[PDB]
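Let's start with one chain on its own, the form deposited in one PDB entry, as structure tokens.
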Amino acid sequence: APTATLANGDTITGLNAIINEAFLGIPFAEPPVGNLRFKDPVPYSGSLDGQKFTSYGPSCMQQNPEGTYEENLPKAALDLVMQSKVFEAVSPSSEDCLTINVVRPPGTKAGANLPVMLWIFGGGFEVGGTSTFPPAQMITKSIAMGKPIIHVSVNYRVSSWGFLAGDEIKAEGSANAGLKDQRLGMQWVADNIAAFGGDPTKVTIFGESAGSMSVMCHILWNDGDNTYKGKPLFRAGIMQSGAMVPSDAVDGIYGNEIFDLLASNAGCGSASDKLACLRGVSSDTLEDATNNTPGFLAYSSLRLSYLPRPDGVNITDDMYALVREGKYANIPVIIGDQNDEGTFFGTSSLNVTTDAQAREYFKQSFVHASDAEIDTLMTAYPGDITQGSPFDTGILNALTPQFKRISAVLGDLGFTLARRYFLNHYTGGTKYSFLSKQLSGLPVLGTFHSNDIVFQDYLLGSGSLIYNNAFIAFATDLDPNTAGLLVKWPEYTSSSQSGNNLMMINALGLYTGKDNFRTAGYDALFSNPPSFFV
């Protein structure tokens, strides 16, 4: 029943789910297959007239989270699962995966001009799909609030398929294919969203974790120019756990190391042109070769095998430098974190039990760090188990003498303190920040990484007041305070400002606090950011 006429005249049919209308699996680019592998996406040319879009398309190829060149049980276990016909049945994946989804309130018609929330999923830049992020909770809530919004989600290439790097990739100008897929998705929204009832000038981009870092990348894309056909692609952004990516250039050391390993794994180690050889292997071969490179749950943890890297063209330089240099789009933003962002990643190195092994693990993870810098880090983040994450849990959660320490470090560099650095240098627009402690007391993990996804798409909780209501108000009025919350959300100007500047969330509800914790780690970590890039 639900129908829409795209900008090229094609008329498409959606699915009436009653609580909302959906248009799932719309292709926005040609299959990045064959010789199009690793290359910039190409706008879809085919006609869609008369076609129905009532179900999510396949996700892009996924990399085993426990993938690694080594051989262990976790890897073998996940592999066994991810290759089962049952798994490929419930969660299909393919290289032909560049589709987009539009879900709106029931009865919404063309010209409605409702604000648009364009979701970018996160998954360590190695796994992920749009189908596992239900928009119903957000949509229904926005309606009950009298601020109906349209939910748009875009698939993009992950892992070796979307973030392959190295000298060859750089020379080709094919860096950051995954981010480019997202960018094309945004342009597709600009040209066609009006047909679904959305207002292209009211697009707010939001994502969590890898999706959150993606949002940051879009703010810094092309040195800040986020225009398309003379108009901005988005008027605001919401970053849920993830700011700048601490990475070396695309043709850096680890970028090349990984590219060579992958090529060897695929049997292209003797090709004079390794890139063309990789475009020649079958899907299976590439999938297998990729699963033999470190995944995000493997020992390498945060030192990701695949992720956004400055290319000198679309991301002109060091990302922390781009922010200091003011090379970004000027939009209002909301950026927050979960209290214990790093506990998940800390479970990947439970073989590290002594300070000496901890120091060694850090030296391996951050190759640019000098011994002095490492000593400083280990002083800012002491062995004292009562001081690590899960924070404020005393002697509890001591899986090892180093677990809470490694969890704290990884959590801060990758997300929590990285956020403060951005907030302390960004003058692009009004800034709002939150810190969730909604799950204080949860054994081992605490208020863990990605728990907000549950309270935003699956279950209702104190945090839903922020992940839903506040976010909907922001996308609608550009001020979270129009949501009508009992606690006023203060504006963030500086981590050094007096008065509360953080919206806080506990199990009972909301309150405000200050972004002034672990200042020693902040300095030890960001005096010279590049010393800790991967």
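In case it trips you up, residue 1 is the first one in the sequence shown, and so on. Shifts are known only where both forms have a C-alpha. Each form is matched to the other, and the largest set of C-alpha atoms that superpose within 1.5 Å is called the rigid core.
Omitted from view is the form deposited in another entry, to which the following refers.
Answer among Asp167, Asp317, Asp392, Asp79 for the CA shift between this form and the one not shown that reaches 2 Å or more, rigid core superposed:
Between the two forms, the residue that moves is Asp79.
Does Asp260 count as moved between this form and the one not shown, where moved means a C-alpha shift of 2 angstroms or more after fitting the rigid core?
No: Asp260 shifts by under 2 Å between this form and the one not shown.
Taking the rigid core as the superposition reference, indicate whether the CA of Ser59 shifts 2 angstroms or more between this form and the one not shown.
Result for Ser59: no, shift under 2 Å.
Is the shift of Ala89 between this form and the one not shown large enough to count as movement, that is, does its C-alpha move by 2 Å or more after the core is superposed?
Shift of 2 Å or more: yes.
Please check whether, in that other deposited form, the CA atoms of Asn265 and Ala77 lie closer or farther apart than here, given a change of 3 Å or more.
Pair moves farther apart in that other deposited form.
Using the form shown as baseline, tell whether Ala177 and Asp79 are closer or farther in Cα-Cα distance in that other deposited form, where the change reaches 3 Å or more.
Farther, not closer.
Send over the list of consecutive residue runs, 3+ long, where the C-alpha shift is 2 angstroms or more at every position between this form and the one not shown on a core fit.
67-91 is the only stretch that shifts between this form and the one not shown.
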